[PDB]
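Protein chains: 2
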Amino acid sequence: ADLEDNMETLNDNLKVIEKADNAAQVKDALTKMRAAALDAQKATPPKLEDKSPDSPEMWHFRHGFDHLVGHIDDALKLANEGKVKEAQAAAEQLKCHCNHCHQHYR
Amino acid sequence: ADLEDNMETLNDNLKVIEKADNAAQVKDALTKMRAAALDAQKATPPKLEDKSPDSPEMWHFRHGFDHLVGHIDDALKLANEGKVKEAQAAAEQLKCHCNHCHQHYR
Ligand code: HEC
Ligand code: HEC
Ligand SMILES: [Co+2]
Ligand SMILES: [Co+2]
Numbered sequence: 001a002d003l004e005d006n007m008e009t010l011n012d013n014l015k016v017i018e019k020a021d022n023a024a025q026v027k028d029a030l031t032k033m034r035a036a037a038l039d040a041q042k043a044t045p046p047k048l049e050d051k052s053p054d055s056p057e058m059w060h061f062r063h064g065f066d067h068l069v070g071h072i073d074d075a076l077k078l079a080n081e082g083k084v085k086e087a088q089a090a091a092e093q094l095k096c097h098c099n100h101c102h103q104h105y106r
Numbered sequence: 001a002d003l004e005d006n007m008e009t010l011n012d013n014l015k016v017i018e019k020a021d022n023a024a025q026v027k028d029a030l031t032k033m034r035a036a037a038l039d040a041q042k043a044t045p046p047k048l049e050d051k052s053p054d055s056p057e058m059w060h061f062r063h064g065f066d067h068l069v070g071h072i073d074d075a076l077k078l079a080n081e082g083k084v085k086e087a088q089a090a091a092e093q094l095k096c097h098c099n100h101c102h103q104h105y106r
């Protein structure tokens, strides 16, 4: 998988969670999102290839993935409690993370 | 001013930007929000009253204000460049910062 594949996995699984109505469905989708975010988390993206690894811009980009993963983890815990609607609300709140990183990068 | 005061300032001024009758109200509201966020960063939220100031919880709470201030500063720069519509568009995205911190700590 590459960055584009991981991003499509995140995109589609948000909608799977929206469409779902049970905890198993939400858990499975969040687990796939976690794997995609972890797969994309470590690579320096093309626009930052020439920046220092500890540069502010690279730091903020890496933290975007770290924080996204943290909130996926929190949503997964809600699904594992059987709290379907709370997990779905947490998943919808992930969109803020998506848009924030995209707005910085583009 | 206390944390409740700071949050009222943030709420009122975010809505001012959305409803701004003229462009100059946007910069004025962003300026007040910036100060409210830096004041709030010096408070302890009720749900974290029993936690160490070095807890992961207090660290993430304080950091949320630094990140909010960074995006307020980006919007202020747009306003100061005369790009007030772009600044108003940027201000609407600030709601993600409010929602993220609230889901943890409000
Ligand atoms: C940075 C820390 C990111 C986070 C968090 C998320 N995405 Fe992303 N996304 C990122 C990059 C570097 C790119 C490629 C360059 C570009 O500007 O497109 C993308 C791209 C996408 C795409 C494809 C283009 C598009 O239609 O927007 C999608 C569909 C996408 N990203 C989805 C997505 C979602 C749903 C996220 C949150 C769950 C998300 N991304 C987080 C960088 C980052
Ligand atoms: C953490 C980093 C926060 C950010 C960013 C924002 N808010 Fe907040 N808010 C936070 C806490 C911990 C609390 C609870 C305070 C309490 O004493 O109970 C709040 C509360 C509010 C409220 C309600 C205030 C009240 O009198 O009960 C409002 C209206 C509010 N917050 C608004 C608000 C807005 C609009 C923000 C973004 C611009 C925002 N807050 C950011 C913590 C944090
Ligand atoms: Co968080
Ligand atoms: Co940012």
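Chains as they are written, first to last, in the authors' numbering: chain A, 1 to 106; chain B, 1 to 106.
All C-beta atoms in this analysis are idealised placements derived from N, C-alpha and C, irrespective of residue type, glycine included.
Beta carbon proximity, residue i to chain A, threshold 9 Å
{"i": "B/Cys-101", "result": "no"}
{"i": "B/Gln-93", "result": "yes"}
Segment limits, alpha helix (DSSP H) that includes residue i
{"i": "A/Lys-15", "result": "3-19"}
{"i": "B/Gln-41", "result": "Note, B/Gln-41: premise wrong, no alpha helix (DSSP H); not H, not E."}
{"i": "A/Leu-68", "result": "56-80"}
{"i": "A/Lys-95", "result": "95-105"}
Whole-number beta carbon distance between residue j and residue i, since they are thought to touch under 8 Å
{"i": "A/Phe-65", "j": "A/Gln-41", "result": "4 Å"}
{"i": "B/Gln-88", "j": "B/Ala-20", "result": "7 Å"}
{"i": "B/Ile-72", "j": "B/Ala-37", "result": "7 Å"}
{"i": "A/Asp-39", "j": "A/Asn-11", "result": "Their Cβ separation, rounded to whole angstroms, is 14 Å, which puts A/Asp-39 and A/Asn-11 out of contact at 8 Å."}
{"i": "B/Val-84", "j": "B/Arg-34", "result": "Contact doesn't hold; Cβ gap of about 17 Å is too wide."}
{"i": "A/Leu-30", "j": "A/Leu-76", "result": "5 Å"}
{"i": "B/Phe-61", "j": "B/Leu-48", "result": "6 Å"}
is_contact[residue i, chain B] using C-beta, thresh 9 Å
{"i": "A/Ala-40", "result": "no"}
{"i": "A/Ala-90", "result": "yes"}
Near ligand 6: residue i beta-carbon under 8 Å from a heavy atom
{"i": "B/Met-58", "result": "Judged by which ligands are present, ligand 6 is missing from the structure shown, whose ligands are ligand 1, ligand 2, ligand 3 and ligand 4."}
For ligand 4, enumerate in chain order all residues having a CB closer than 7 Å to any of its heavy atoms. Those residues are A/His-60, A/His-100, A/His-104, B/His-67, B/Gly-70, B/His-71, given in chain order.
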